[PDB]
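So the structure is just underneath, and the comments pick up after that.
FYI the Cβ positions are ideal-geometry reconstructions off the backbone, even for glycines, and counts take in every protein chain you see. Bear in mind these aren't lab numbers, they're just calculated from the coordinates by the rules spelled out.
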Amino acid sequence: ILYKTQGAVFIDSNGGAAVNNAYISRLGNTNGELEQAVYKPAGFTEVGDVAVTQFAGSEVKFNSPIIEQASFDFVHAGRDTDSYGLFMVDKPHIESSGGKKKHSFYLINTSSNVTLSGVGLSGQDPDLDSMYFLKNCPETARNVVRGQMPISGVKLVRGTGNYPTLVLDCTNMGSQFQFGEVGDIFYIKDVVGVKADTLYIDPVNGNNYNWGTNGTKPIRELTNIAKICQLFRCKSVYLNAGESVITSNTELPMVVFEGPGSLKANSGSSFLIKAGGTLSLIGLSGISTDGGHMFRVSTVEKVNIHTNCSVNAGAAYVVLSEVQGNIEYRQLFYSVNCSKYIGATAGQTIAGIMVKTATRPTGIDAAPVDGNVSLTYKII
Amino acid sequence: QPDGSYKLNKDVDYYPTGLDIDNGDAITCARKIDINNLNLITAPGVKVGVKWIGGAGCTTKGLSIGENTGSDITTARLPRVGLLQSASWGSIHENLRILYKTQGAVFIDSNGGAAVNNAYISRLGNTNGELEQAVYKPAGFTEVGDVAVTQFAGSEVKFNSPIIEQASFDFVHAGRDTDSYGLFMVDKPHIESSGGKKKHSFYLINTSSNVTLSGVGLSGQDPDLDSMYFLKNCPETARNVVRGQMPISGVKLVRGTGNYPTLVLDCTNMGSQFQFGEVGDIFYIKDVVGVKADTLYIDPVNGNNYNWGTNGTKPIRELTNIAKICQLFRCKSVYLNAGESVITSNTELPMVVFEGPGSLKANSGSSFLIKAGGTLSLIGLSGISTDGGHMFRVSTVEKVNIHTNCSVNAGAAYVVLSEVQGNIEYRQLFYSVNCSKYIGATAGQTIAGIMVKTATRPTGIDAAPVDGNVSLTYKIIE
Ligand SMILES: OC[C@H]1O[C@@H](O)[C@H](O)[C@@H](O)[C@@H]1O
Ligand SMILES: OC[C@H]1O[C@@H](O)[C@H](O)[C@@H](O)[C@@H]1O
Ligand SMILES: OC[C@H]1O[C@@H](O)[C@H](O)[C@@H](O)[C@@H]1O
């Protein structure tokens, strides 16, 4: 199919239908971005030509399609009532002259299973273009990506709605961490078979579009560092120079934090510890808050907090347990300031404490914790 | 031409590249061509059967090349190279049948979106197939032997359900030299070869791949060299993904060259391969998803490093990759068969239960390495000792538990040395223990708990069981 506005459009009942080795292309992409789709689902209001459009419960199987010069390669909407109609594309060969493109898979209220074949790209707009756009996909939907990402860097995903649904199923990412961008990390639900050892943060020169798992492309904010570390099984977080700050309670992954940066909790916020393990701050320029307790522990599992940097909770505590916890805190050298090292909201929390520094509040040596904490050992 | 005109290619070896099509150096005149059941036979010795060059969007169904003349292949009416294709993006070969002598089909350069479905490619018998020298191939492929399907220079043809028979090499694929572009894609290949003669099924050079196995396959008769996969110089960023079902009979999975592992087992159904097959070279496996084994077996006397090691009847021989192997298959324990399992350089031990009659020895001043949190347990072994180095070098800041219920001898060294600001709990249960200090550290304070429950211990350190860089949380001795 050689078309001007829309290549092929599949609507309503098409059970079991198949489209094999389709070769669908606009006759060039000149002014393609100005075409207006004629037959489309109401949820699709973007301007731009669309090679393949599907909606109202249609679930045609697209096997090895070849799509060229399109603003949108695929626009698919699940059925309005229950999100029925799986978007199925196996190994699409996507290309466009000059790299002009808006999105490859614009998915509305739907699930999908796509296998990439190492061919593709994302548009020239550094803010809006992305391989995937997930619009209002429900909580129970999953948009599964298998196969090989394109060789050149692309922006993987953007979206609207409250639920993440993108799944990297053993996806071969190539050098995307180094040369590409995730786009909006919020939309990724889970990741299988893809790891990275370190997440890089740079509050001055970082970019939130980046994956953050490669040193030359660090992200900028702390907002999603726990999620990213959980997805890629990161073992460390590297803080580039400057102050990495939070203004709302934010979770910190239980990993090793390193680098010249510092951590700061503003607006009375606290850093959150929601998982067992060991949180280590090694060699940072310091961690402090402007009034909130430093670490709010919400897990009953063994939590180890290892701070080898300057620590200043001011009048507040270093650790506050919101459950009946089990905590081991060790401060190594540098300095520490707080009213109590560990406290708890209620019915007894067990804790172990080691403070190895002359620069500490000597006054609480004999009474290091509040009444709700019972010590297993105290080494000061 | 030099004068600016154009001449029809009449050269047997010529094939146009994507570059040529853009340079104006080549202009294709192959379009709107459709083939249905064309049978092509050739006199013995003819070089190429079909030159499918520049045939973008051209299609084929039931194209059949070569004649099954008789048992002797040197006199059979089939060509040395069945089909050679380039600059054919969007071309589809449906149910292509090839009887060849040297090479079945060859795909080079631009072939974007091209597909070869249900191809039936076979050498006419495998007699002297290993002596066949490939004619059109990537520079990186220097091996001798017939090749059913060859692909290089960025060609990324989709191969769906091909049936490949009697080939030395079923597939030889090389990614583009500059950026490793060109995914090797094969869905459910039905590979067979009389008398199990074969060198490799997938010889992959500087490339990524996605292969789905259908429970059909085998590896050659050579116990050292033959393997299903051979990964030659695949880049760090590449992934060679294996899905589906492994062959029923044992095979050797992988061998390679290069410094980076790229093979991925994605929920692969291994059947009884741990018991009857071999991994070959564990180094090349990058990661494993959905495949677990409870125990890793080591036998310094009767073990074979080619083995998976996860089945009792097929243990591995050395300790070099036990950490790697345990991480891949989530092993809960390691069983040491009778004999001394030794290391001559720093080697990591997974945080699992070690059991069996074997012993552990660190020679040449080496140390066992603890890089992960958890509990390392040595239960009932013949003992663990070193010839001078510290026994356990801890480099993780996570909670480390060391449970020794066997004889322990670190001589003049420590049982545990924390190279970081550690958090360790050590417990010696019965047997005997010898060391200068039970736990020590290189610098800035390490917290530790210790229990030594045995009369045969260095009694002179009951009062000072650890060095000055370690602070105790509890101490249970006597
Ligand atoms: O773009 C930001 C990055 O630039 C790199 O050159 C530096 O090595 C990083 O420290 C920094 O985060
Ligand atoms: O890192 C970001 C993540 O932080 C977690 O503590 C929240 O529970 C998640 O909703 C969020 O995605
Ligand atoms: O067991 C083998 C593994 O041991 C680890 O300690 C090393 O970091 C890896 O390089 C190696 O593959």
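If I take every Cα pair under 8 Å that is 6 or more residues apart in the range A:1-96, average their sequence separation and divide by the length, what percent do I get for the relative contact order?
32 percent
Go through chain B and flag any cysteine with no other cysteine's C-beta closer than 4.7 Å, please.
Among the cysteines of chain B, those whose Cβ sits 4.7 Å or more from every other are B:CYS29, B:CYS58, B:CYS234, B:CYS267, B:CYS406, B:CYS435.
Post the alpha-carbon centroid distance, the range B:155-211 to the range A:69-91, in whole angstrom.
32 Å
Which far-off residues, 5 or more places away or on another chain, put their amide H under 5 Å from the one on A:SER285, with H placed in the peptide plane?
Counting only residues 5 or more places away or on other chains, the set is A:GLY261, A:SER262.
Between A:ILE364 and A:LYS195, what is the spin-label point distance in nm, taking each point 7 Å from the Cα along the Cα→C-beta axis?
3.8 nm
Which FRET efficiency value, to the nearest 0.05, do you get for A:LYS227 and A:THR160 by plugging their Cβ-Cβ distance into 1/(1 + (r/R0)^6) with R0 = 22 Å?
Between A:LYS227 and A:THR160 the formula returns 0.75.
Report D for the range B:293-478 in µm² per second (integer): Stokes-Einstein, Kirkwood Rh on Cα pairs, 37 °C, 0.692 mPa s.
201 µm²/s
What spacing in nm lies between the two simple spin-label points modelled at B:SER436 and A:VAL38, each 7 Å away from Cα in the Cβ direction?
Simple spin-label model gives 8.8 nm for this pair.
Per residue Cα convex hull volume for the protein assembly as shown, in cubic angstrom?
It comes to 183 Å³ per residue, whole-number rounded.
For the range A:1-107, which trypsin sites (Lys or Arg not before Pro) are both in a DSSP coil and crowded by at most 15 other Cβ atoms within 10 Å?
Within the range A:1-107, the qualifying trypsin sites (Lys or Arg not before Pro) (loop, at most 15 other Cβ atoms within 10 Å) are A:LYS4.
What shape does the range A:1-149 have by the C-alpha gyration tensor, where a ≥ b ≥ c are the square roots of the eigenvalues, rounded means a/c under 1.5, and otherwise prolate means a/b greater than b/c and oblate the rest?
Rounded, because the longest to shortest axis ratio a/c is under 1.5.
Which residues does a label at B:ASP13 reach in the range B:19-58, if reach means a backbone N under 14 Å from a point 7 Å past the Cα toward the Cβ?
B:47-48
So if I take the centroid of the Cα atoms in the range B:306-342 and the same for the range A:337-373, what is the distance between those two points in Å?
Comparing the Cα centres of the range B:306-342 and the range A:337-373, I get a distance of 45 Å.
Please work out the C-alpha center-to-center distance from the range B:409-470 to the range A:216-268 and express it in whole Å.
36 Å
Could you work out the relative contact order of chain A, using alpha carbon pairs under 8 angstrom and six or more residues apart, expressed as a whole percent?
Relative contact order of chain A: 7 percent.
Given R₀ = 41 Å, FRET efficiency for B:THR142-B:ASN304 by Cβ-Cβ distance, to 0.05?
The pair B:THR142/B:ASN304 has a calculated efficiency of 0.90.
Let me know the charge dipole size of the range B:293-478 about its Cα centre in debye, to the nearest 20, where only the beta-carbon of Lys, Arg (+1) and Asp, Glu (-1) is charged.
Computed charge dipole of the range B:293-478: roughly 200 debye.
With unit charges on the beta carbon (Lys/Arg positive, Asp/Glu negative), name the residue among B:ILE27, B:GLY45, B:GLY70 whose Cα is farthest towards the positive pole of the charge dipole of the range B:1-292.
Positive-most Cα among the choices belongs to B:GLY70.
Any idea what the dipole of the protein assembly as shown comes to, in debye rounded to 20, about its Cα centre with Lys/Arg Cβ at +1 and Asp/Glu Cβ at -1?
The dipole of the protein assembly as shown has a size of about 860 debye.
Of A:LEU2, A:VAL119, A:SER374, which is farthest along the charge dipole of the protein assembly as shown in the positive direction, counting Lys and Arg as +1 and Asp and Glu as -1 at C-beta?
Towards the positive end, the residue furthest out is A:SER374.
Would you work out the charge dipole size for the range A:232-380 about its Cα centre, treating the Cβ of every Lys and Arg as +1 and the Cβ of every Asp and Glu as -1, and quote it to the nearest 20 debye?
So the magnitude is around 240 debye.
Filter B:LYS61/B:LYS232; A:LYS61/A:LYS101; A:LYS274/A:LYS340 down to the pairs with a C-alpha to C-alpha distance above 26 Å, please.
Beyond 26 Å between Cα atoms: B:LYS61/B:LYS232.
With a 10 Å radius around each residue's Cβ, average the other Cβ atoms per peptide and rank A:265-278, B:229-242, A:10-23, highest first.
Order by mean packing, descending: B:229-242, A:265-278, A:10-23.
Within the range B:293-478, how many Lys pairs sit with Cα atoms under 29 Å apart, leaving out pairs fewer than 8 places apart on the same chain?
So the count of such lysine pairs works out to 28.
At a Förster radius of 45 Å, what calculated FRET efficiency corresponds to the Cβ-Cβ distance of B:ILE477 and B:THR320, to the nearest 0.05?
0.80
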